[PDB]
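*Asks:* Experimental structure and its sequence below.
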Amino acid sequence: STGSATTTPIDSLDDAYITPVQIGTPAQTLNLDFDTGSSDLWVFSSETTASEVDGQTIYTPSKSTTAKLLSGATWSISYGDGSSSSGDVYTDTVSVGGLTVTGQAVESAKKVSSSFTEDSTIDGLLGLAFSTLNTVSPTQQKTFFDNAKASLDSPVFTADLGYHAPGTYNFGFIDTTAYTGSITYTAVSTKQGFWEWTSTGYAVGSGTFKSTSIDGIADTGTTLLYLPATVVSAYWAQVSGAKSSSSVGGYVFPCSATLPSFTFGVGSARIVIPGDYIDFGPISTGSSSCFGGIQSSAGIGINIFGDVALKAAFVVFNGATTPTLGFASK
């Protein structure tokens, strides 16, 4: 089997991407944030505290003839941005782009933190990291990809995120028309539960490539590119007037600037992030200070190849017995 679904930016900045997912019988379609940095499929629901729902579409398990309460199971998750959610668990039929999994754990939110409530466009998350990170207790549950894998034509999914435009998540096949050149594959460590890999270096604009190992994670659920402070300082030093602002929470730059590109290495291959992809717009409405899309990871503990980086590439998440990642230009 295969599946193919369009993913759409939630706003004009590409702050996140939503993909329609069918849950239950008859289908209830929710728009989920596909997140290769986590491993829970959770949704706003009929069980979510009413004051914490503000415009999201909810899953109502009592209206699904295939929903079953997973007795005794609860979940609770905290994300790197400080947001969180928790609740109970059903199993139900879940389909993405024509690919169907029966008995998928659908984690129903009883509580969500304010940032989820405040974002009416995201009805939940669909985790695509390794199932070892799934938070369901006392019986850990498998991701949608883990459940589908054996049925797929090939044990892979691909992320093709758009810049200010829709893109595609494919399951079970590699669309050879969706990228240019060849796909360069690179080793993955699953020891932390992430799609963790080592970039071979970077360049700023037309500058020379610096060969240096940068361990980080391919994370579709993180908006920005978070890299070591040395690398980030070298980038922003090429932008007149750019500075790190403790009060704003990162590097800002004059909105009048033209940003240089940023290149990262994948083995001997190179992925170029155009400068425009690094502009996240005014820090507040009407400001001439703009927020940068490359930020320091020094306070995180891990480097994160988030959407800013991934949207410049066609990305293969290879879930073979020994997982690997592939990157192509597009």
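*Replies:* Nice, thanks for sending it over. Numbers count the residues shown, from 1 in each chain.
*Asks:* tell me the contacts of residue 172?
*Replies:* 1, 2, 3, 99, 148, 151, 152, 153, 154, 155, 156, 157 (C-beta atoms under 8 Å, 6 or more residues apart in numbering). C-beta coordinates here come from the backbone N, C-alpha and C atoms, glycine included.
*Asks:* quick check, the fifth one in a strand?
*Replies:* No. Looking at residue 148 with DSSP: H, G, I helix; E, B strand; the rest coil, it is helix, so not inside a strand.
*Asks:* how close does it sit to residue 114?
*Replies:* From residue 148 across to residue 114, the span is 33 Å (C-beta to C-beta, to the nearest Å).
*Asks:* With neighbour numbers in mind, choose between these two.
*Replies:* Higher neighbour count among residue 148 and residue 114: residue 148, with 24 against 12, using other C-beta atoms under 10 Å.
*Asks:* Now intersect the contacts of residue 172 with the helices, please.
*Replies:* Of the contacts of residue 172, the ones assigned to helices by DSSP state H are residue 148.
*Asks:* Tabulate the contacts of residue 172 (TSV), appending distance to residue 203.
*Replies:* Output for the contacts of residue 172, formatted as TSV (distance: C-beta to C-beta, whole Å):
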residue	distance to residue 203
1	40
2	36
3	36
99	38
148	38
151	41
152	36
153	37
154	33
155	33
156	29
157	29
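*Asks:* Now a PyMOL select for only the buried ones of the contacts of residue 172.
*Replies:* For the buried members of those, the matching PyMOL selection, counting by 16 or more other C-beta atoms under 10 Å, is:
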select buried, resi 2+3+99+148+152+155+156+157
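*Asks:* and of the contacts of residue 172, the nearest to residue 325?
*Replies:* Ranked by distance to residue 325 (C-beta to C-beta), those are led by residue 156 at 10.4 Å.
*Asks:* The residue nearest to the closest one when sequence neighbours are not counted: neighbour count?
*Replies:* Nearest residue to residue 156, sequence neighbours excluded (C-beta to C-beta, 6 or more residues apart in numbering): residue 318, at 5.1 Å. For residue 318, the count of nearby residues is 19 (other C-beta under 10 Å).
*Asks:* just the one 5 residues further on next, same as before
*Replies:* Residue 323 sits with 18 neighbouring residues when counted by other C-beta under 10 Å.
*Asks:* Next: residue 320.
*Replies:* Around residue 320 there are 10 other residues, counting by other C-beta under 10 Å.
*Asks:* just checking, next helix/strand downstream of the helix or strand containing residue 290?
*Replies:* Taking DSSP states H and E as the criterion, residue 290 maps to strand 289-292. Once the chain leaves strand 289-292, the next helix or strand it forms, by DSSP H and E, is strand 294-296.
*Asks:* Among the contacts of residue 172, which one lies nearest to residue 73?
*Replies:* residue 148 (20.6 Å).
*Asks:* wait, that closest one sits on residue 99?
*Replies:* Yes. Counting by C-beta atoms under 8 Å, residue 148 touches residue 99, with 5.9 Å between them.
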